[PDB]
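Step one of this worksheet: look at the structure below.
Cβ atoms come from the backbone with ideal geometry, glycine included; neighbour counts cover every protein chain shown. Please treat every number below as a calculation from the coordinates, not as lab data.
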Amino acid sequence: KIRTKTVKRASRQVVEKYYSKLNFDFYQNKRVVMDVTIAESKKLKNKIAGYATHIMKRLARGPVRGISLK
Amino acid sequence: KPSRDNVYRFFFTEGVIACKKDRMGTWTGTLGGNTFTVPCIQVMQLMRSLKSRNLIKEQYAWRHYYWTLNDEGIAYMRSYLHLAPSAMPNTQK
Amino acid sequence: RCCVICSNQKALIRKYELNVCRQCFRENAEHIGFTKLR
Amino acid sequence: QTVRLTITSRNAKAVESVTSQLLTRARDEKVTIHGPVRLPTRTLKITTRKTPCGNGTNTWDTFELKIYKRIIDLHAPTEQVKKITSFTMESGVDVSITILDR
Amino acid sequence: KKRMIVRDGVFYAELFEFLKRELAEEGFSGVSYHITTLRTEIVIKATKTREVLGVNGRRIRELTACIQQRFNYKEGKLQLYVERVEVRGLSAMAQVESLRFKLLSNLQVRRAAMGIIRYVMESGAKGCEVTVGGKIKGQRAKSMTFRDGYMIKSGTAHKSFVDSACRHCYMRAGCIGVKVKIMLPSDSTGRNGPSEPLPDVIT
RNA sequence: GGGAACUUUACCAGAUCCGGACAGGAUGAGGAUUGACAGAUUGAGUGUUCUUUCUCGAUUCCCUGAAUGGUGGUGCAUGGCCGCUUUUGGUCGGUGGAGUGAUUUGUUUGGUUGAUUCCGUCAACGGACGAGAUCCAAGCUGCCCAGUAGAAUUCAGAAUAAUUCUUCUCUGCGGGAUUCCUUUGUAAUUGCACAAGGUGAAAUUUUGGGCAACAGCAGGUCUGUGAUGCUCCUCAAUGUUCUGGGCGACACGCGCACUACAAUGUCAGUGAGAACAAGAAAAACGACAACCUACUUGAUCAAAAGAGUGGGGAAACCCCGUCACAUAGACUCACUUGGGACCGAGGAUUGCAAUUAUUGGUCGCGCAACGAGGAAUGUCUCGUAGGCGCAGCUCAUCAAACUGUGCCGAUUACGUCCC
């Protein structure tokens, strides 16, 4: 429910480095994670994929730390 | 007793000697030809005898003893036998 | 029933599966292939 | 003489590292092999109190094993099995098997 | 086949405990083992490998023919090997025999360990901890721990990265215990991509 | 890992032994010696011992020094291991800043979280541990797979043996879970999030565990261990004895901890009858099978027993009690058709020996308390307590113990800080 800085941080490197992950789908935005990221465990990606969609969705609200190259 | 001679002899052609510690008749050896036995309690009484002499290299683990003979033990063991080419370990490999 | 690693015949020794390891405890004696899980 | 293989070993990537891999020495070659699945797994569970002493928080260990049995079945090659098993060298603690029946 | 694994467990437990006694100063880092047919050979892992072979065959054969004579195999079914352990540093069990030797040599403690700390950390190790407990500086039941680098003590992940040894040094006046933990430079050993908390993102 | 006897055994009463390594030394013509029948000696057909001769083949025995051995002490000299502080979320450093300094900041108001967990703020910035995460088992699921798993079907047969498969089981590696939609919800321009609800086997560290920092505690262990420092013992020994016998376990209703039994008409007591469970175990070498269990005899006469056959190296096994039974069963306003304690008589059993080993063994004692428990006290919230029971561990014999599996299955809070 609360995400460790490890989930938080790595998920900020993905969104910084991948706009392949777009849809608010946890499931699409998940299947792009695990191929690109090695966390060696599923929950990490399951966490990461969950927070990675929070970031993207919120970007549409406004700016977010770790600002895009836009 | 001559038992005590061949145990000596039994180092040769064997080298390192293995004995489990029991207080009971047991023996692992005499092996190439006869392969018959002697009680360990008496084996143990022989090793200590000249173990106070440098001839022998102690090891121990679990309940087992491990005896290898120091060079001074090779030479003595040769001459006590009176037959002395040298111990098997250094004779070939 | 004196047992394997020591004179013991005490620190009652597991017969279980006939491995008799308690002398020097099955904690100190290991590499048996046991693991610590659960 | 349809032969039988019982591979009993604990360690990670042995029970697999023979039967999976090393039957393809026979599996994909002139032999015809009948694979079943590995039999069920066992655990050998001893539990000893952690204290060398008397005093404790009353705590216990649980130590375990896993023994992994695989059955793998054949028709009869003659003398090939002696060559079959001997093809492949790779494992440790894994089990060699000599069986006849039926 | 329950008890055929146990007989090997009790067996393997016997080899390791025995060699430690008699492979020392010779850098005994462990044993690997398997057998198939009439070959019980038992490779030996070690650091200092010319004292195990010996001048003329002695030490390796002197240790060979007792294992035929301990476990009763008919003569010739055993072999022996020794395997050079690459990067002598990274193996703790090699380096307790370093500490034991060094403290027997009468060294003071801090100088003793802190060297090994460098040698291991030099060797590529990712961390260390060395701890000497005992009667050092007498009448104290004084213990000391000497740390480097970085390390993980929790979870069962540690048992992969953590390979350590706890061995006694018998001094006059008492005992002095010695314990070394070390690291594996996560790189080539295991490498499961292994400390969980490191995720990577291919870019 | 305390469930015993002699063993284990430390304690007691006696008796044996060298284990006493090493030689640097006074009798090497019936040898200081080793072992001995009888006879006595003694508790002992035990040779220690005394006689009697021989059996003696030197390694032993005598004298010195050393020594070895030990459940000897000291856990307050010590390693290692263990518990505890410590169920929580804590700890540490480098450079920088403040302070003469001990020290401090980082490590924080605030919000949230089991969480020094997050976000925000920030004289701190960047890093190390602990948390988390890795792990292990349980739950739904994919692939492989079945002759040491088990279903479908047709064909014939009693009572109105061929076929194809993976539903059920097997297991290695994988899928799955995530805060994902929704609620204008609570809170809130951010944020981190929370809730009621949805999907799903699972819905909020999914569930139960294992692990687990840094400092400490004169915490426990010298009875685990050729693991160890002293310094006590060293041969009519604190050593050893399948050494002999005794204790560790005794009866002042003594005081105390934990457990099993239970007194009801809610199985309630008991007699029969119907169903159905699961983790687990099983074995022998320096010899020519000693472990379990199914079947059927023991059965023209109890029970437990005895004995013979039969395969299992473990996927040889599945009929456990709780319950169900109105089977029209028997009790029946009571210390009682409910305590099983105390009890003396037979008898079967493991085995060196049981003088209570123990028991679907009988069958006598019942009239020994006992009749919801004084203050005081224990531990948990969902397959849970409780109830029930089964193996395992010790184990030649014995579970009211612990370790684990499964069955029956609950009311109360979904809270507060009052203790």
Subject >> Qualifying GluC sites (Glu not before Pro) in segment D:57-95, DSSP loop, other Cβ atoms within 10 Å at most 16 >> reply: D:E79, D:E90
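Pop the C-beta distance of E:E83 and E:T37 into the FRET formula with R0 = 30 Å and round what comes out to the nearest 0.05.
Result of the calculation: an efficiency of 0.85.
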**OP:** Please report C:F25, D:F63 as a ranked list, fewest other C-beta atoms within 10 angstrom at the top and most at the bottom.
**Re:** C:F25, D:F63
Original post:
Under a plain spin-label model, where a point goes 7 Å from the Cα along Cα-to-Cβ, how far apart in nm are D:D73 and E:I152?
Top reply: 4.4 nm
Subject >> For segment B:1-85: rounded, prolate or oblate by the Cα gyration tensor [a/c cutoff 1.5] >> reply: oblate
Subject >> Cα long-axis angle, helix E:92-104 against chain E (0 to 90 degrees, to the nearest 10) >> reply: 70 degrees
Subject >> Farthest positive-ward along the protein assembly as shown dipole, Cα basis, beta-carbon charges - from E:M183, E:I67, D:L22 >> reply: E:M183
Original post:
Using a simple charge model, +1 on the beta-carbon of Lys and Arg, -1 on the beta-carbon of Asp and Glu, nothing else, what dipole does the protein assembly as shown show about its Cα centre, in debye to the nearest 20?
Top reply: 2300 debye
Original post:
What is the spin-label model distance, in nm, from E:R172 to C:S7 if the labels are put 7 Å beyond Cα along the C-beta direction?
Top reply: 2.9 nm
Subject >> FRET efficiency for E:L104 and D:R42, using Cβ-Cβ distance with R0 set to 45 Å, rounded to 0.05 >> reply: 0.45
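What share of Cα pairs, in percent, lie more than 28 angstrom apart in segment E:35-183?
Considering segment E:35-183, 37 percent of its Cα-Cα pairs are separated by more than 28 Å.
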**OP:** Return, ordered by residue number, the residues of segment B:39-67 whose backbone nitrogen is under 15 Å from a label point located 7 Å along Cα→Cβ of B:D22.
**Re:** B:39-44, B:63-65
**OP:** State the three equivalent ellipsoid semi-axes of segment B:54-93, derived from the C-alpha gyration tensor as the square roots of 5 times its eigenvalues, in descending order and whole Å.
**Re:** 22, 12, 8
**OP:** Provide, as a two-decimal number, the C-alpha radius of gyration of chain A over 2.2 N^0.38 Å, N being how many residues it has.
**Re:** 1.00
Original post:
Among the chymotrypsin sites (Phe, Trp or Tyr not before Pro) within segment E:142-201, which fall in a DSSP loop and have no more than 15 other Cβ atoms within 10 Å of their own Cβ?
Top reply: E:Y150
Original post:
Along the positive direction of the dipole of chain B (beta-carbon charges: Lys, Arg +1; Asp, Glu -1; about the Cα centre), which of B:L83, B:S49, B:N6 reaches farthest?
Top reply: B:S49
Original post:
Tell me, what ³J(HN,Hα) does each residue in segment B:50-63 have, in order and in whole Hz, if you take phi through Karplus 6.51 cos²θ - 1.76 cosθ + 1.60 with θ = phi - 60° and put x for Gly and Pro?
Top reply: 9, 5, 4, 8, 5, 4, 10, 10, 5, 9, 7, 7, 6, 9
Original post:
Once label points are set 7 Å from the Cα along Cα→Cβ at both E:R7 and A:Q28, what is their separation, rounded to one decimal in nm?
Top reply: 6.3 nm
Subject >> Cleavage-rule hits, GluC sites (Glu not before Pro), segment E:32-81, DSSP coil, Cβ neighbours within 10 Å at most 13 >> reply: E:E75
**OP:** Starting at the first residue of segment B:70-83, write each ³J(HN,Hα) from the Karplus equation 6.51 cos²θ - 1.76 cosθ + 1.60 with θ = phi - 60°, in whole Hz, x for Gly and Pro.
**Re:** 5, 3, 4, x, 3, 5, 4, 3, 3, 6, 4, 4, 6, 9
**OP:** Mind jotting down the distance between the C-alpha centroids of segment B:49-93 and segment E:148-203, whole Å?
**Re:** 41 Å
Subject >> Cα-Cα P(r), the protein assembly as shown, percent of pairs per 20 Å interval >> reply: 17, 42, 32, 8, 1, 0
